[PDB]
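J.: Structure file model-v9.txt (compact mmCIF, N, CA and C atoms) is given on the next line.
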```txt
# COMPACT_ATOMS: atom_id res chain seq x y z
N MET A 1 -120.53 119.76 -28.88
CA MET A 1 -119.57 119.70 -27.74
C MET A 1 -119.04 118.27 -27.61
N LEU A 2 -118.05 118.10 -26.73
CA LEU A 2 -117.47 116.79 -26.45
C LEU A 2 -117.60 116.65 -24.94
N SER A 3 -117.76 115.42 -24.45
CA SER A 3 -117.88 115.24 -23.01
C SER A 3 -116.62 115.79 -22.35
N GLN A 4 -115.54 115.81 -23.12
CA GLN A 4 -114.24 116.31 -22.66
C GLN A 4 -114.33 117.74 -22.13
N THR A 5 -115.11 118.57 -22.82
CA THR A 5 -115.29 119.97 -22.44
C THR A 5 -116.06 120.06 -21.13
N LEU A 6 -117.12 119.25 -21.03
CA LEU A 6 -117.95 119.24 -19.83
C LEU A 6 -117.09 118.85 -18.64
N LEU A 7 -116.33 117.77 -18.81
CA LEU A 7 -115.45 117.26 -17.77
C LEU A 7 -114.46 118.33 -17.29
N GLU A 8 -113.84 119.04 -18.22
CA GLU A 8 -112.89 120.08 -17.84
C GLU A 8 -113.62 121.16 -17.05
N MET A 9 -114.79 121.55 -17.54
CA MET A 9 -115.57 122.57 -16.84
C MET A 9 -115.97 122.08 -15.46
N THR A 10 -116.25 120.79 -15.36
CA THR A 10 -116.62 120.20 -14.08
C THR A 10 -115.45 120.29 -13.09
N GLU A 11 -114.25 119.94 -13.55
CA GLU A 11 -113.08 119.98 -12.68
C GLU A 11 -112.72 121.41 -12.31
N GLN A 12 -112.97 122.34 -13.23
CA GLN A 12 -112.70 123.75 -13.00
C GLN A 12 -113.60 124.25 -11.87
N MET A 13 -114.89 123.91 -11.93
CA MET A 13 -115.83 124.33 -10.89
C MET A 13 -115.50 123.70 -9.54
N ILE A 14 -115.04 122.45 -9.56
CA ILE A 14 -114.68 121.78 -8.31
C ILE A 14 -113.54 122.55 -7.66
N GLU A 15 -112.56 122.93 -8.46
CA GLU A 15 -111.43 123.68 -7.94
C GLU A 15 -111.89 125.05 -7.43
N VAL A 16 -112.74 125.73 -8.19
CA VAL A 16 -113.26 127.04 -7.78
C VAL A 16 -113.93 126.89 -6.42
N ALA A 17 -114.71 125.82 -6.27
CA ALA A 17 -115.41 125.55 -5.01
C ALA A 17 -114.47 125.23 -3.85
N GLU A 18 -113.46 124.39 -4.09
CA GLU A 18 -112.52 124.03 -3.03
C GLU A 18 -111.62 125.20 -2.66
N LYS A 19 -111.18 125.96 -3.66
CA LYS A 19 -110.35 127.12 -3.36
C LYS A 19 -111.24 128.15 -2.67
N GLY A 20 -112.51 128.20 -3.09
CA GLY A 20 -113.44 129.13 -2.48
C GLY A 20 -113.64 128.84 -1.01
N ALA A 21 -113.75 127.56 -0.67
CA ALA A 21 -113.94 127.13 0.71
C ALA A 21 -112.77 127.57 1.60
N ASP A 22 -111.55 127.42 1.08
CA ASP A 22 -110.37 127.83 1.83
C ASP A 22 -110.34 129.34 1.99
N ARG A 23 -110.75 130.06 0.94
CA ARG A 23 -110.75 131.51 1.01
C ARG A 23 -111.76 131.96 2.07
N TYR A 24 -112.91 131.29 2.11
CA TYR A 24 -113.97 131.60 3.06
C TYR A 24 -113.48 131.46 4.50
N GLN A 25 -112.88 130.31 4.80
CA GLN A 25 -112.37 130.03 6.14
C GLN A 25 -111.29 131.02 6.52
N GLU A 26 -110.40 131.33 5.58
CA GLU A 26 -109.33 132.28 5.89
C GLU A 26 -109.94 133.66 6.17
N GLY A 27 -111.00 133.99 5.45
CA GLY A 27 -111.65 135.27 5.65
C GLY A 27 -112.35 135.37 7.00
N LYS A 28 -112.87 134.25 7.49
CA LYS A 28 -113.55 134.25 8.78
C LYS A 28 -112.54 134.38 9.90
N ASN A 29 -111.43 133.67 9.76
CA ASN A 29 -110.37 133.67 10.77
C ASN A 29 -109.66 135.02 10.88
N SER A 30 -109.20 135.52 9.75
CA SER A 30 -108.50 136.80 9.69
C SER A 30 -108.95 137.52 8.44
N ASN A 31 -110.04 138.28 8.58
CA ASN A 31 -110.63 139.02 7.48
C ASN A 31 -109.70 139.87 6.64
N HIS A 32 -109.97 139.90 5.33
CA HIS A 32 -109.24 140.70 4.35
C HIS A 32 -110.27 141.33 3.42
N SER A 33 -110.18 142.64 3.21
CA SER A 33 -111.14 143.30 2.34
C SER A 33 -110.79 143.14 0.85
N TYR A 34 -111.49 142.24 0.17
CA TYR A 34 -111.24 142.02 -1.26
C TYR A 34 -111.85 143.16 -2.05
N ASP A 35 -111.19 143.56 -3.13
CA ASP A 35 -111.71 144.66 -3.95
C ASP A 35 -112.97 144.25 -4.70
N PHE A 36 -114.02 145.06 -4.61
CA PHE A 36 -115.26 144.69 -5.29
C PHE A 36 -115.23 144.67 -6.82
N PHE A 37 -114.92 145.80 -7.45
CA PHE A 37 -114.91 145.85 -8.91
C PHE A 37 -113.74 145.15 -9.58
N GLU A 38 -112.60 145.05 -8.90
CA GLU A 38 -111.42 144.42 -9.48
C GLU A 38 -111.27 142.92 -9.20
N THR A 39 -111.94 142.42 -8.17
CA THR A 39 -111.80 141.01 -7.84
C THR A 39 -113.11 140.24 -7.68
N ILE A 40 -113.95 140.70 -6.76
CA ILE A 40 -115.23 140.04 -6.46
C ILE A 40 -116.19 139.95 -7.65
N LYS A 41 -116.60 141.11 -8.15
CA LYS A 41 -117.52 141.17 -9.28
C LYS A 41 -117.03 140.34 -10.47
N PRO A 42 -115.75 140.49 -10.87
CA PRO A 42 -115.28 139.69 -12.00
C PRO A 42 -115.23 138.19 -11.71
N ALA A 43 -115.03 137.83 -10.44
CA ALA A 43 -114.97 136.42 -10.09
C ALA A 43 -116.36 135.83 -10.24
N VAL A 44 -117.38 136.59 -9.81
CA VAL A 44 -118.75 136.12 -9.94
C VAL A 44 -119.16 136.05 -11.41
N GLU A 45 -118.82 137.09 -12.16
CA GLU A 45 -119.17 137.14 -13.58
C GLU A 45 -118.55 135.97 -14.34
N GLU A 46 -117.25 135.76 -14.15
CA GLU A 46 -116.56 134.66 -14.83
C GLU A 46 -117.16 133.30 -14.46
N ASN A 47 -117.44 133.12 -13.18
CA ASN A 47 -117.99 131.86 -12.72
C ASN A 47 -119.44 131.68 -13.13
N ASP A 48 -120.10 132.80 -13.36
CA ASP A 48 -121.47 132.78 -13.81
C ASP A 48 -121.46 132.19 -15.22
N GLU A 49 -120.52 132.64 -16.05
CA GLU A 49 -120.40 132.14 -17.42
C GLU A 49 -120.05 130.67 -17.42
N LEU A 50 -119.10 130.30 -16.58
CA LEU A 50 -118.67 128.91 -16.46
C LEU A 50 -119.85 128.01 -16.06
N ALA A 51 -120.57 128.40 -15.01
CA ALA A 51 -121.70 127.62 -14.51
C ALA A 51 -122.80 127.43 -15.55
N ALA A 52 -123.08 128.47 -16.33
CA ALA A 52 -124.12 128.41 -17.36
C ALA A 52 -123.76 127.44 -18.48
N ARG A 53 -122.53 127.52 -18.97
CA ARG A 53 -122.07 126.64 -20.04
C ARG A 53 -122.01 125.19 -19.56
N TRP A 54 -121.64 125.01 -18.30
CA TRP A 54 -121.55 123.68 -17.71
C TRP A 54 -122.94 123.06 -17.65
N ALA A 55 -123.90 123.81 -17.09
CA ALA A 55 -125.27 123.34 -16.97
C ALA A 55 -125.86 122.93 -18.32
N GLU A 56 -125.67 123.76 -19.33
CA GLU A 56 -126.19 123.44 -20.65
C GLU A 56 -125.57 122.14 -21.15
N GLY A 57 -124.29 121.94 -20.89
CA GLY A 57 -123.63 120.72 -21.32
C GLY A 57 -124.11 119.53 -20.49
N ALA A 58 -124.26 119.74 -19.19
CA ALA A 58 -124.73 118.69 -18.29
C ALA A 58 -126.13 118.27 -18.70
N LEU A 59 -127.00 119.25 -18.94
CA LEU A 59 -128.36 118.93 -19.35
C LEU A 59 -128.37 118.16 -20.68
N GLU A 60 -127.51 118.56 -21.61
CA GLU A 60 -127.42 117.86 -22.90
C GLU A 60 -127.05 116.41 -22.63
N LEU A 61 -126.06 116.22 -21.76
CA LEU A 61 -125.58 114.90 -21.39
C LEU A 61 -126.67 113.95 -20.92
N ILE A 62 -127.61 114.46 -20.12
CA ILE A 62 -128.68 113.62 -19.59
C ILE A 62 -129.84 113.40 -20.54
N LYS A 63 -129.96 114.24 -21.56
CA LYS A 63 -131.04 114.07 -22.53
C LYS A 63 -130.69 113.01 -23.57
N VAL A 64 -129.47 113.05 -24.08
CA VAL A 64 -129.02 112.09 -25.09
C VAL A 64 -129.22 110.65 -24.60
N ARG A 65 -128.70 110.36 -23.41
CA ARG A 65 -128.82 109.04 -22.80
C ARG A 65 -129.22 109.27 -21.35
N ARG A 66 -130.28 108.61 -20.91
CA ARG A 66 -130.74 108.78 -19.54
C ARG A 66 -129.71 108.26 -18.54
N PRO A 67 -129.01 109.17 -17.85
CA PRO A 67 -128.00 108.79 -16.87
C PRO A 67 -128.60 108.07 -15.67
N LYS A 68 -127.77 107.30 -14.99
CA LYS A 68 -128.19 106.52 -13.83
C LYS A 68 -128.34 107.33 -12.54
N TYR A 69 -127.35 108.18 -12.24
CA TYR A 69 -127.38 108.94 -10.99
C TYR A 69 -127.48 110.46 -11.02
N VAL A 70 -127.76 111.06 -12.17
CA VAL A 70 -127.89 112.52 -12.23
C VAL A 70 -129.14 112.93 -12.99
N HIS A 71 -129.91 113.85 -12.43
CA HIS A 71 -131.14 114.32 -13.07
C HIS A 71 -131.20 115.84 -13.20
N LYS A 72 -132.13 116.32 -14.03
CA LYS A 72 -132.29 117.75 -14.32
C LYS A 72 -132.33 118.71 -13.12
N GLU A 73 -133.24 118.46 -12.17
CA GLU A 73 -133.37 119.35 -11.02
C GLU A 73 -132.04 119.54 -10.29
N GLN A 74 -131.28 118.46 -10.20
CA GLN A 74 -129.99 118.47 -9.54
C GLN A 74 -129.04 119.42 -10.28
N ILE A 75 -129.01 119.30 -11.61
CA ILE A 75 -128.15 120.15 -12.42
C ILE A 75 -128.55 121.61 -12.26
N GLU A 76 -129.84 121.88 -12.41
CA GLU A 76 -130.37 123.24 -12.30
C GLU A 76 -130.08 123.95 -10.97
N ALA A 77 -130.02 123.19 -9.88
CA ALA A 77 -129.77 123.77 -8.56
C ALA A 77 -128.34 124.29 -8.32
N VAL A 78 -127.38 123.78 -9.08
CA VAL A 78 -125.97 124.16 -8.93
C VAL A 78 -125.69 125.66 -9.07
N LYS A 79 -126.20 126.25 -10.14
CA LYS A 79 -126.01 127.67 -10.43
C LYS A 79 -126.10 128.60 -9.22
N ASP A 80 -127.29 128.72 -8.64
CA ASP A 80 -127.47 129.62 -7.50
C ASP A 80 -126.58 129.31 -6.32
N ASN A 81 -126.39 128.04 -6.01
CA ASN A 81 -125.54 127.70 -4.87
C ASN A 81 -124.07 128.01 -5.18
N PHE A 82 -123.64 127.67 -6.39
CA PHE A 82 -122.27 127.91 -6.81
C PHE A 82 -121.94 129.40 -6.78
N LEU A 83 -122.84 130.22 -7.31
CA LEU A 83 -122.60 131.67 -7.31
C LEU A 83 -122.60 132.25 -5.90
N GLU A 84 -123.41 131.69 -5.01
CA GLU A 84 -123.40 132.20 -3.65
C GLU A 84 -122.05 131.82 -3.05
N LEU A 85 -121.63 130.58 -3.28
CA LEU A 85 -120.35 130.08 -2.78
C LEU A 85 -119.22 131.00 -3.23
N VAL A 86 -119.24 131.40 -4.50
CA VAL A 86 -118.20 132.28 -5.01
C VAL A 86 -118.19 133.64 -4.30
N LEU A 87 -119.33 134.31 -4.26
CA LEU A 87 -119.40 135.61 -3.59
C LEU A 87 -118.98 135.52 -2.12
N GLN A 88 -119.55 134.56 -1.42
CA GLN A 88 -119.25 134.42 0.01
C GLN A 88 -117.80 134.07 0.31
N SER A 89 -117.09 133.47 -0.64
CA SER A 89 -115.69 133.14 -0.40
C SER A 89 -114.94 134.45 -0.17
N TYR A 90 -115.41 135.52 -0.81
CA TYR A 90 -114.79 136.84 -0.67
C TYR A 90 -115.33 137.68 0.47
N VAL A 91 -116.66 137.71 0.62
CA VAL A 91 -117.30 138.53 1.66
C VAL A 91 -117.67 137.78 2.95
N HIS A 92 -117.71 136.45 2.86
CA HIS A 92 -118.01 135.57 3.99
C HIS A 92 -119.01 136.05 5.04
N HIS A 93 -120.17 136.52 4.60
CA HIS A 93 -121.17 136.97 5.55
C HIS A 93 -121.94 135.81 6.16
N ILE A 94 -122.31 134.84 5.33
CA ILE A 94 -123.08 133.70 5.84
C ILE A 94 -122.26 132.87 6.83
N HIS A 95 -122.94 132.12 7.69
CA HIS A 95 -122.27 131.30 8.71
C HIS A 95 -121.67 130.01 8.17
N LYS A 96 -120.76 129.43 8.95
CA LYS A 96 -120.05 128.20 8.59
C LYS A 96 -120.94 127.07 8.10
N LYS A 97 -122.00 126.77 8.86
CA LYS A 97 -122.92 125.68 8.51
C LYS A 97 -123.54 125.84 7.13
N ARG A 98 -124.06 127.03 6.85
CA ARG A 98 -124.68 127.32 5.57
C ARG A 98 -123.64 127.24 4.44
N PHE A 99 -122.46 127.79 4.67
CA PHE A 99 -121.43 127.75 3.64
C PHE A 99 -121.08 126.29 3.33
N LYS A 100 -120.99 125.47 4.38
CA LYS A 100 -120.68 124.06 4.20
C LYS A 100 -121.79 123.38 3.41
N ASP A 101 -123.05 123.64 3.76
CA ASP A 101 -124.18 123.04 3.07
C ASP A 101 -124.20 123.29 1.56
N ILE A 102 -124.01 124.53 1.13
CA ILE A 102 -124.03 124.80 -0.31
C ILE A 102 -122.81 124.22 -1.00
N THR A 103 -121.67 124.26 -0.32
CA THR A 103 -120.44 123.72 -0.88
C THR A 103 -120.60 122.20 -1.07
N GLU A 104 -121.13 121.53 -0.05
CA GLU A 104 -121.34 120.08 -0.13
C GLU A 104 -122.28 119.70 -1.28
N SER A 105 -123.34 120.49 -1.44
CA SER A 105 -124.34 120.27 -2.48
C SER A 105 -123.74 120.42 -3.88
N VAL A 106 -122.99 121.49 -4.06
CA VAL A 106 -122.35 121.77 -5.34
C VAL A 106 -121.34 120.68 -5.69
N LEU A 107 -120.45 120.39 -4.75
CA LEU A 107 -119.41 119.39 -4.97
C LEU A 107 -119.98 118.01 -5.32
N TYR A 108 -121.01 117.57 -4.62
CA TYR A 108 -121.59 116.26 -4.90
C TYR A 108 -122.16 116.18 -6.31
N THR A 109 -122.93 117.19 -6.70
CA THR A 109 -123.50 117.16 -8.04
C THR A 109 -122.37 117.16 -9.07
N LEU A 110 -121.32 117.95 -8.81
CA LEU A 110 -120.19 118.01 -9.74
C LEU A 110 -119.53 116.63 -9.84
N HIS A 111 -119.32 115.99 -8.70
CA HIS A 111 -118.73 114.66 -8.70
C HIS A 111 -119.63 113.66 -9.40
N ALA A 112 -120.95 113.81 -9.24
CA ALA A 112 -121.91 112.91 -9.87
C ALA A 112 -121.81 113.01 -11.39
N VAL A 113 -121.79 114.24 -11.90
CA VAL A 113 -121.68 114.46 -13.34
C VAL A 113 -120.36 113.86 -13.82
N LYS A 114 -119.30 114.07 -13.04
CA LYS A 114 -117.99 113.52 -13.37
C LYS A 114 -118.07 112.00 -13.45
N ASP A 115 -118.74 111.39 -12.47
CA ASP A 115 -118.89 109.94 -12.46
C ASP A 115 -119.64 109.45 -13.70
N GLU A 116 -120.74 110.12 -14.07
CA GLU A 116 -121.52 109.72 -15.24
C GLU A 116 -120.66 109.79 -16.50
N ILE A 117 -119.94 110.89 -16.66
CA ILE A 117 -119.08 111.06 -17.82
C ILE A 117 -118.09 109.90 -17.94
N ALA A 118 -117.32 109.66 -16.88
CA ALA A 118 -116.33 108.59 -16.88
C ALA A 118 -116.96 107.22 -17.14
N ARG A 119 -118.13 106.98 -16.57
CA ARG A 119 -118.83 105.71 -16.73
C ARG A 119 -119.27 105.48 -18.18
N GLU A 120 -119.86 106.50 -18.79
CA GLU A 120 -120.35 106.41 -20.16
C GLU A 120 -119.26 106.61 -21.21
N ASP A 121 -118.19 107.30 -20.83
CA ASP A 121 -117.09 107.55 -21.76
C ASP A 121 -116.21 106.31 -21.87
N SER A 122 -116.38 105.38 -20.93
CA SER A 122 -115.62 104.13 -20.96
C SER A 122 -116.51 103.04 -21.53
N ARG A 123 -117.67 103.45 -22.04
CA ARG A 123 -118.65 102.54 -22.63
C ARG A 123 -119.27 101.61 -21.59
```
What is this structure when it is put down as structure tokens?
T.:
Amino acid sequence: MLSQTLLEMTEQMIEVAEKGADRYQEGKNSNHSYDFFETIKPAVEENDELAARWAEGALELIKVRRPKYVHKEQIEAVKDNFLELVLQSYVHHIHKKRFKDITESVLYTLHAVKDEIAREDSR
């Protein structure tokens, strides 16, 4: 792989998360029934694939050279929170505070990985 791929995947997840946050808020304000098999399920499946490939790349990144601000446990925690964030953006059952907490957690780790990449890619 190239750090370039990881970076793109990182930015893709950030966008999924930010667009997800807006979808969540819009759903709480004025609910809309999203289709399960045609929209929700495929969104989770696609993002599940994205998250897995990202994690493997992120983990590779930290093994080759010990990064300054990102560690394994942090990378591993993204998956479950990210997937919950995706599902809830459509069904929005969880409360505002909880949605914010997982979104904040996911975004920070994503930004951290992004920072490490840029820092090490610039030598």
J.: Given the choices A:117, A:59, A:102, A:7, which gets closest to residue 85 in chain A if the distance is worked out from all atoms listed in the file?
T.: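 Result for the nearest residue to residue 85 in chain A: A:102.
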J.: Give me, as a PyMOL selection string, the residues of chain A that a backbone DSSP run labels helix (DSSP H, G or I).
T.: chain A and resi 3-29+36-64+72-91+96-121
J.: Excluding residue 81 in chain A and its own-chain neighbours fewer than 5 positions away, which residues fall within 8 Å of it when counting all atoms listed in the file? Please give them as a list in words.
T.: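 Returned residues: residues 76, 86, 87, 101, 102, 103, 105 and 106 of chain A.
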J.: For residue 118 in chain A, find every residue with an atom within 12 Å (counting only C-alpha atoms), except residues of its own chain fewer than 3 positions away, and show them as a list in words.
T.: residues 3, 4, 6, 7, 10, 67, 111, 112, 113, 114, 115, 121, 122 and 123 of chain A
J.: Expressed in Å to a single decimal, how great is the separation between atom N of residue 2 in chain A and atom N of residue 64 in chain A?
T.: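 Atom-to-atom, atom N of residue 2 in chain A and atom N of residue 64 in chain A are spaced 12.8 Å apart.
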J.: Around all of range 20-36 of chain A's listed atoms, make the axis-aligned box with 6 Å on each side and tell me centre and edge lengths in Å to one decimal, as lines of an AutoDock Vina configuration file.
T.:
```
center_x = -111.9
center_y = 136.1
center_z = 2.0
size_x = 18.8
size_y = 29.9
size_z = 29.7
```
